[PDB]
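Peer 1: below is the sequence, then the experimental coordinates.
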Amino acid sequence: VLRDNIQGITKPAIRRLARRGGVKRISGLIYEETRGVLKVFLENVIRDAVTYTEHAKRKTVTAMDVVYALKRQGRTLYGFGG
Amino acid sequence: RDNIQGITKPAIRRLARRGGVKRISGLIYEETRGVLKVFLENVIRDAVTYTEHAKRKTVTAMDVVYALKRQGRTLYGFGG
Amino acid sequence: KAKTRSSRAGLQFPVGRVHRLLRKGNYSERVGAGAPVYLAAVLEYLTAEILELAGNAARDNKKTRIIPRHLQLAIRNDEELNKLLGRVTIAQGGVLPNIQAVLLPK
Amino acid sequence: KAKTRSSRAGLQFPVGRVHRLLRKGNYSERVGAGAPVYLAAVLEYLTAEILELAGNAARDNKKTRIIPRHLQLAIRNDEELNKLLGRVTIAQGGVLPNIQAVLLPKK
Amino acid sequence: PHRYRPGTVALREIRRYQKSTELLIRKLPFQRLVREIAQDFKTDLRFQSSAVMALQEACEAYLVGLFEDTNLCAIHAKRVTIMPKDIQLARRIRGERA
Amino acid sequence: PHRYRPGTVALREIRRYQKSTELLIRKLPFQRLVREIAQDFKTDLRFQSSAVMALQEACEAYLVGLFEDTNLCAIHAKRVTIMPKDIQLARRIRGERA
Amino acid sequence: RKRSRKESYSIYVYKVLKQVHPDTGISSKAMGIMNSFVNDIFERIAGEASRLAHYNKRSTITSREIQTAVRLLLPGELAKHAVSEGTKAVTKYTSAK
Amino acid sequence: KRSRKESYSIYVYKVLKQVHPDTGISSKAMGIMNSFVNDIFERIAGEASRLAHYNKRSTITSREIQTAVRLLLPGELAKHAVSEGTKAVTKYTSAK
Ligand SMILES: [Cl-]
Ligand SMILES: [Cl-]
């Protein structure tokens, strides 16, 4: 019902990420640039994940699909069934 | 010996030129010599591990291919 | 009589040698009879898709015989092939000519 | 009898379970008998090393249970372990405190 | 009137978030995104709550990783503000793009 | 006499070496280095001519690819010269050093 | 004993070269490179398929486990096509019996 | 009568209690140690798997592992992992 959710990654949330980043000062143009890179990254992982879901004739995406996806993408996550 | 200096200034400049580098600080030359040595050391290590495990006293192209593939620097046109 | 499965699939790629490399490869206990087909298919296709572009690259440099640089030129200029071969070094293939604008004079 | 092989290797890690994972993982046709030993040995040793450093992480922090963050602080602060876990995200692990100098105020 | 000088809170804000580990994106928003993005691949999907969380951990870790690479590029150009050009440069040298 | 202005020989030295593929390090120097570095990990080793050339074909590919990244960093600093603090930034973002 | 027998792909690279560019040839190093290239993409597809099957507790790499390996390893257009040519080749082979 | 999902968590406890007998570990943190072992399992079982394939062997022996472990593990972590590895095979063959 809200077809453009990329926005829900709110400026403050991105600021905080950037803080953990160790960033002191943030150009305004960033947020959108970030939102975009986020979108790509999620898009890429979730594609591979759903591939894995679909390959197992499941209608439900599992935590393991997301790990198999993150491992392929070279982006390996510990603590969900690794 | 110390064959690292055998990677003359003009050869590094040559590589940089393929790299599309217009201007080259004098420091670079020795730095490059450092990074190169790390790279050879690392590849050769794993290469010679692959040799030793086959028990050969001769290092093959396939040793070096296997290494490069491990090291994430896959090579075409020497086998494998 | 006898007929190479490759024939029965319409492929130049050796469906038989694939089926064997699969079993002796330790990829699984068991290998479907379709697997080495579909694979030889997909190896052939990408082999062609490179050679198509690399053959073109040779004609552009007035050459009958494809050298590595043709392959390099072919791959690096095809966005997809370039992606797929992202971490792959092509021997004796040098680099696409690129010189960053701000380095050019006047 | 009923002696376990871990028991003979003097390992907590299951030399049993490992030998079976090797065979059923499609790594090779035949698995040596020394193999699921030498492996468990190394998987145990590395398990120790991480829990050794992380267990000290949890002292410092005045905590009794190890949380991920102790693992993060353990791994990232050791040069070797960090090379090894180079491409490894550690859920709920966060980042080592680091602030670049040029960003600090001069006074 | 009492106010802190530009880039003083910022620095505190760093120390705060580098000491902690909690996900910094409000969870519902993030979840909604993920499903919006799952539509692009298969209609009427469903997600294990742990899957959704396994992503957010991944994304948040990536972004925080980028901004560190990003922030060293800003600093490379004797700056302190991070700018799209910096991320662009970082992704470039990483291999995320051409 | 006549002489070309600082840079215009370089730009050419670029065009030349991009359009070509000959290996740009002297073959024998390199090979001695390889055996120097190999003695470390085991003495009285032997190499197939090809195996040396496989290494030399990589080292050169790598260094070339590095300088490319290096150069984009130097340029990021509104410079044209490459310097060590450009290599090091590339290699950090690449993930070769800490 | 004349020597040992190093197989290759080089005869299938030619067969396909001539289908695609009958007037065009290919240096030794370039055949080299195209060999490395078949070998590399071989493993890659076999691997992702090996794991695919593992993950879903299958003993058997079917065509499906290739197709899905390929959908995963190849970019958009190169995968659409690889899936097509490989689906084509299977349907044919099957209706040859 | 639920699936029956194994893990390594009981061995992590066992080793936690050897090295820090007074300390413990959260679900999340075990979850991580679990991933860690499977990760470096697969990593080794692979490099070994290769080593064998590359030398036309059908059997992964301890020798393969020792090579895998040299290749995958850094300077000092490698020397020790080999040692505890060597040590454990030696202890096992003598034992019985
Ligand atoms: Cl099949
Ligand atoms: Cl054994």
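Peer 2: Ah, there it is. Numbers count the residues shown, from 1 in each chain, chains lettered A, B, ... in the order given. Ligands and ions are numbered 1, 2, ... in the order given.

Peer 1: which residues in the chain form helices?
Peer 2: In the absence of a named chain, chain A is used. A:11-21, A:30-55, A:63-72 (DSSP state H).

Peer 1: nope, chain G
Peer 2: G:10-20, G:28-55, G:63-73, G:76-96.

Peer 1: for chain F, find the nearest of those.
Peer 2: Chain F lies closest, by CB to the nearest CB, to one member of these: helix G:28-55, at 10.1 Å. Every C-beta, even on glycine, is put in place using the N, C-alpha and C of the backbone.

Peer 1: is the closest one positioned near chain C?
Peer 2: Yes: Helix G:28-55 lies within reach of chain C by CB under 8 Å from any CB of the partner chain, at G:29-30, G:32-34, G:37-38, G:40-42, G:45-47, G:49-50, G:53.

Peer 1: just to revisit the earlier point, ok, which of the helices of chain G comes nearest residue E:54?
Peer 2: The closest of the helices of chain G to residue E:54 is helix G:28-55. By CB to CB, the value is 15.3 Å.

Peer 1: how far is that closest one from where the chain is centred?
Peer 2: Offset of helix G:28-55 from its chain centre (CA atoms, centre = their mean, to the nearest Å): 7 Å.

Peer 1: deepest-packed of the helices of chain G, please.
Peer 2: helix G:63-73 (a mean of 24; mean count of other CB atoms under 10 Å in any protein chain shown).

Peer 1: ok, and what's touching that one?
Peer 2: Helix G:63-73 is contacted from outside by A:48, A:51, A:54-55, A:72, C:32, C:34-35, C:37-39, C:42, C:84, G:41, G:44-49, G:52-53, G:58, G:79, G:82-83, G:86-87, G:90, using CB atoms under 8 Å, 6 or more residues apart in numbering or on different chains.

Peer 1: what about it, near ligand 1?
Peer 2: Yes: residues of helix G:63-73 contacting ligand 1 under CB under 5 Å from the ion: residue G:63.

Peer 1: now that helix and helix A:30-55, what's the angle there?
Peer 2: With axes from the mean of the first three to the mean of the last three CA atoms, to 10 degrees as the basis, helix G:63-73 and helix A:30-55 are set at 170 degrees to each other.

Peer 1: ok and helix G:63-73 relative to helix A:63-72, angle-wise?
Peer 2: Going by the same axes, to 10 degrees, helix G:63-73 makes 60 degrees with helix A:63-72.

Peer 1: check whether stretch A:28-46 contacts chain D.
Peer 2: No: Stretch A:28-46 lies out of reach of chain D by CB under 8 Å from any CB, never closer than 11.6 Å.

Peer 1: list the contacts of that stretch.
Peer 2: Contacts to stretch A:28-46, defined as CB under 8 Å, 6+ apart, come from residues A:6-7, A:9, A:11, A:14, A:17-18, A:61, A:66, A:69-70, A:73, A:75, E:33-34, E:37-38, E:40-41, E:55, E:58-59, E:62-63, E:66, E:82-84, E:87-88, E:91, E:96.

Peer 1: can you select the buried ones from those residues in ChimeraX?
Peer 2: Command for ChimeraX, covering only those of the contacts of stretch A:28-46 found buried under the criterion 16 or more other CB atoms under 10 Å in any protein chain shown:
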select /A:6,9,14,17,18,61,66,69,70,73,75 /E:33,34,37,38,41,55,58,59,62,63,66,82,83,84,87,88,91,96
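
Peer 1: ok, and of the contacts of stretch A:28-46, which contact ligand 1?
Peer 2: Okay, of the contacts of stretch A:28-46, nothing touches ligand 1 (CB under 5 Å from the ion).

Peer 1: let's see which of the contacts of stretch A:28-46 end up in strands.
Peer 2: A:61, E:82 (DSSP state E).

Peer 1: residue nearest the centroid of chain E?
Peer 2: By CA atoms, centre = their mean, the mean C-alpha position of chain E lies nearest to residue E:63, the distance being 3.2 Å.

Peer 1: list the contacts for it?
Peer 2: A:14, A:17, A:21, A:34, A:37, A:38.

Peer 1: got these as TSV, with distance to residue F:73 columns?
Peer 2: Shown next, in TSV, are those (distance: CB to CB, whole Å):
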residue	distance to residue F:73
A:14	25
A:17	24
A:21	19
A:34	22
A:37	20
A:38	25
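
Peer 1: what is the nearest of these to residue C:25?
Peer 2: The closest of those, once distances to residue C:25 are taken by CB to CB, is residue A:37, at 37.5 Å.

Peer 1: that closest one: neighbour count?
Peer 2: 22 (other CB atoms under 10 Å in any protein chain shown).

Peer 1: the one 5 residues further on too?
Peer 2: Look at residue A:42: counted by other CB under 10 Å, it has 24 neighbours.

Peer 1: and the one 5 residues further on, by the same measure?
Peer 2: Here the count is done by other CB under 10 Å, and residue A:47 has 18 residues near it.
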